[PDB]
Structure formats: structure tokens, C-alpha cells
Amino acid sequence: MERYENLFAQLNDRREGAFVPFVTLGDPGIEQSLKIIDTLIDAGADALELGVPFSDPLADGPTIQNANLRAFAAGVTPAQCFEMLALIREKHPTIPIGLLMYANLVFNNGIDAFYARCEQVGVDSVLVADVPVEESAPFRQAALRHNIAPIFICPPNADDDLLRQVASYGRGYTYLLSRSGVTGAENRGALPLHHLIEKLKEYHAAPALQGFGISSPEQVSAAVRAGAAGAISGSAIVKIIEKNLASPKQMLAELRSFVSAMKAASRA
């Protein structure tokens, strides 16, 4: 498919940036997670980034570590994540869906079979967090064979060779990393680096989405005004889940309020 391409063309026509929330699939359980995701979409999410629970998520801080743990406590497996994904796509035919994966879950029973499963359920991209461009060949090859966009990361100190490789190998969107470190709402991403945004455009890279530490509408606006195509927020969304575990209605109301505000900010 062409779900990211269509989204960005539409956003451009409306002179608007993307707001893309992240959640962990099956946090705090499968049924509630599905409701959370429908709420994110109804509140204005342009695309989704969805985590498959993994035992040792080395790019994630405590907030998302704890999301993974809640999903495991609910007995969530990757098989159940693929069942969820099928249900999400069935309800929402055009929204781009990207998976956040760790390498072992992709490599486990064969890289090709993993991406084939993604295609069958209608996933649009896969970001493998612990596979740098230097190790990416069999992953990006399998992704493209199955019409999945392989997502690569542009870190703040990306050199020119890296910018060129990310522009060439990636599809769908380019991940523009806000800062070093791991995921976390408390550690605020730096202002989007104009030079990287501009170099990525010069090299015809997939449009950039800024992520890591984006937890406020002001940061979303700043990313778009700097020339990024949009922003991703994970820990800020997940904290709303964590805070409201005993209050599922209040959870969805606060998720809706927050997502609506972050999306409004993407129009700046």
C-alpha cells in the first residue's frame, strides 16, 4: 500500500503536520488497549506507532518498560498483537500503522515470515530499534518484499554518509531523533535540528517525524515549524494509561483531551 504517502500528501495539501501517538499493544489488557487505540484515532491521531511487548526493551525508559510489563502481566504475546492489528486495520482502513520492534522478535522465527505477517494484517511500517543501518540489509530487503516500509533513525549527530544511507534505505517516514538516551517524557527532546531536516529533504528522504521526549503541544508546534512533517509522543500518552488504571473512563477522557491538544498543535 501507500498509506504514509497518502497521509503526507493530504497533510501537505492542508499545510499541516502529523501527530502520531505511541502505545504498547495490549497495555493494560487487550480489550482496553483496543479502546485506547480507537480513542487515540477518534481524538485526531494521524498515524500510530505500536509496540509489541518485548522482554528487554533497551531503547525504552521506565514508563514504556512498565507498559511492556503490564501487557505481559495480561499475557500478551506477539501472536495476540497480530490479532489486534488485524482488528485495528479492519476498523480503520487508511490510518498508517507502524510497529516498534526489537530485533529478536523479528529475527526469531525468520525475518521474511515476520514481514509477511505484517503485510497480511495491513501494517505499513516496521521500526527495528536495535538494528542500525549498518546491520539492516536482510530487514529492509524483507520489508520491501512485503510492501512494508523499513524505518530508520536520523540521530542528532548524524554525519553525511548516514543521512544519505537513511534517505536511500528508508521508506514511509524518517525518524528524527530529538536527543540521545532512551524513551522518556521527563527528558525533553532538543529543538528539531534544521540542518538535518533540510539535508533529509535535499536527499529526498521519506518525510521526518520527530520523536523522544515530546510530551507537550509546544514541542509539536516547534517540530513542525522547524520543517519536520510531524511528531511522535509515547511516554506522555503511556503515563495517562498508568495513572488511570483503576479508572478506565477517566483514562479515555484524558487520552482524548491530550491527543486533541497535541494534534491542534500540529497545525502551527
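Note that residue numbering begins at 1 and tracks the sequence as displayed. Note that the rigid core is defined as the largest set of C-alphas that superpose within 1.5 Å between two forms.
Superposing each structure in 8 other deposited structures of this protein on the rigid core shows that the farther-lying of 105-113 and 142-150, by root-mean-square Cα distance, is 105-113. Two stretches, 55-63 and 222-230, are weighed by how far their CA atoms sit from the shown form in 8 other deposited structures of this protein after rigid core superposition; the farther one is 55-63.
Coverage remark for residue 191: absent from the model in at least one third of the other entries compared whose chains are built on both sides.
Checked against the other entries of this protein, residue 171 counts as resolved in every one of those spanning it, not missing from a third of them. For the two regions 196-204 and 41-49, the entry's Cα B-factors average higher over 196-204. For the segment pair 249-257 and 17-25, the entry gives 249-257 the higher mean B-factor, averaged over Cα atoms. Taking only the listed residues 128, 71, 142, 191, the entry reports the highest CA temperature factor at 191. Per the deposited record, the Cα B-factor of residue 60 falls in the lowest third when ranked against the other modelled residues of its chain. Per-chain ranking of the deposited C-alpha B factor places residue 181 in the middle third. Per the deposited record, the Cα B-factor of residue 232 falls in the middle third when ranked against the other modelled residues of its chain.
Looking at the C-alpha B-factors along this chain, the one for residue 109 belongs to the highest third. Among the modelled residues of the chain, residue 135 sits in the lowest third by CA temperature factor in this PDB entry.
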